[PDB]
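Residue numbers (PDB author numbering): 22 to 142.
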């Protein structure tokens, strides 16, 4: 139908906007701490600690499958990256500190994305 197409165009344009958001967020992680899944070869007990792992590569796969229906879902995944790290790692670690900086800096990017999504429908 024409409505299904129009809806698919909306999802495509959301995907385009989320792709730019994701690039902007990932620039706030220049050390690449959150680029890839925590290795279960190198942290074999990780899933005993963290029940829903997340990372930027995993978000990118979902994005490119148009797997985010709205900004809330995308933000949920970004928040998992930060929150998982802040639980697994202690406060006095480069990992925890990198998460805090990503959260603080990403907040700005996400504040305007919310406005752009409400604005452009």
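The beta-carbon is built from N, C-alpha and C at its ideal position, and this holds for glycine as well.
Rounded straight-line distance, which links the Cα of residue 39 to that of residue 51: As the crow flies, the alpha-carbon of residue 51 is around 19 Å from that of residue 39.
As assigned by DSSP and simplified to three states, the class of residue 103: Reduced to three states, the DSSP call for residue 103 is helix.
Cβ pair count under 8 Å reaching 3, the segment 91-102 against the segment 73-83: Taking one beta carbon from each stretch, the segment 91-102 and the segment 73-83 have 3 or more pairs nearer than 8 Å; the two touch.
Whole-number beta carbon distance between residue 43 and residue 92, since they are thought to touch under 8 Å: With a contact defined as Cβ atoms closer than 8 Å, residue 92 and residue 43 miss out at about 12 Å.
CA-to-CA distance, residue 24 to residue 107, given in whole angstroms: Cα-Cα distance, rounded: 43 Å.
Limits of the alpha helix (DSSP H) - the one that residue 82 falls within: Counted as a single uninterrupted DSSP element, the alpha helix (DSSP H) harbouring residue 82 occupies residues 77-85.
Under the three-state DSSP convention, the category residue 111 falls into: The DSSP-derived three-state label of residue 111 is coil.
Alpha helix (DSSP H) segment containing residue 41, residue limits: In this chain, the alpha helix (DSSP H) harbouring residue 41 covers 23-48.
Where residue 127 falls: helix, strand or coil (DSSP): Helix at residue 127.
Where residue 63 sits in the DSSP three-state scheme: Coil at residue 63, not helix or strand.
Assigned exposure category for residue 80 - 16 Cβ within 10 Å defines buried: Taking every protein chain shown into account, the CB of residue 80 has 16 or more other CB atoms within 10 angstroms, so this residue is buried.
Three-way DSSP call (helix, strand, coil) for residue 73 in this model: The DSSP-derived three-state label of residue 73 is coil.
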